[PDB]
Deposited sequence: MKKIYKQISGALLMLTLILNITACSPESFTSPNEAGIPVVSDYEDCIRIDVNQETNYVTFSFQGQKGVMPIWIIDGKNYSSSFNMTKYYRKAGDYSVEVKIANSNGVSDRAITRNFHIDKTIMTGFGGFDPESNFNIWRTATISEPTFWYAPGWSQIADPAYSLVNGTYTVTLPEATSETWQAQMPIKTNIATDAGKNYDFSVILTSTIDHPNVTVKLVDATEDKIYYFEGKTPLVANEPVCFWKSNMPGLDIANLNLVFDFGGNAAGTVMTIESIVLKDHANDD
């Protein structure tokens, strides 16, 4: 099993005080991975995630290291401070604009909806003029228990840098909704794995600017509503993907 102290040099926390986006990153081998823990819940097992902290103050993350042999007994705790409270945030890029999303073939959303990691029937959805509308009868308690992968035929090049935005709304308070722009072939290859809490009926814009390009033949846009309260209705609208 990994001894967690050995991986202190491999864990970096980047606080952008101008955007209020904290990037959590780990460098490791094809087999080793971190487990990012906030408020005693698994948030991500990916090599990096980006989380929006709206309010100013002191926050904490706990990092365990996992391989094939098991998870580390102890966790690395890392403290960070958010300077500002963003009342009026960025509203995203032009949804209607000359966006790569509008051009490309957007497949129907697949679902993996599994309270207690036991898959039930796909939740009812309604794609009407770009606006995705999803309804979650059953409550889930963990990330990746309400997945919504959207397959696309969008290719990207190493030569270019890309911008992305999306507006997310929830009828009930949600602790952690995920947005991941990932290679359809390779799960480890992605531009970001976003994280943001949602307060009832308050649209949050998730975005990233000037993202280093990757040689990907086909992208998938993967949402997750793991941790949703029972009767939660999700609203995804204004999905912009453009060259910087």
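No C-alpha positions are given for the deposited-sequence stretches 1-36, 135, 282-285.
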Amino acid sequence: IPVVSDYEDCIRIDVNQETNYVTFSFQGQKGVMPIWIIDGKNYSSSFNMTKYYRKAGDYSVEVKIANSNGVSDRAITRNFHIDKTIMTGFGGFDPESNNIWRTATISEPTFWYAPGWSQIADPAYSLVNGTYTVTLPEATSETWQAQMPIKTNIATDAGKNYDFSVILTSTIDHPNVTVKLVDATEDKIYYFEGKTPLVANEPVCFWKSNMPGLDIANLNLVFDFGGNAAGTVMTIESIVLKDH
From here on, numbers count along this sequence of modelled residues.
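Just going by the entry, 81-89 versus 140-148 on mean CA temperature factor gives the higher value to 81-89.
Of the residues listed, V182, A200, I37, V177, the entry assigns the biggest Cα temperature factor to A200.
In the deposited entry, the Cα temperature factor of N16 places it in the middle third of its chain's modelled residues.
Remark: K51 belongs to the lowest third of its chain, ranked by C-alpha B-factor as recorded.
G130: CA B factor in the highest third of modelled residues in this chain (values from the PDB entry). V22: CA B factor lies in the lowest third for its chain, per the PDB record.
Remark: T103 belongs to the highest third of its chain, ranked by C-alpha B-factor as recorded.
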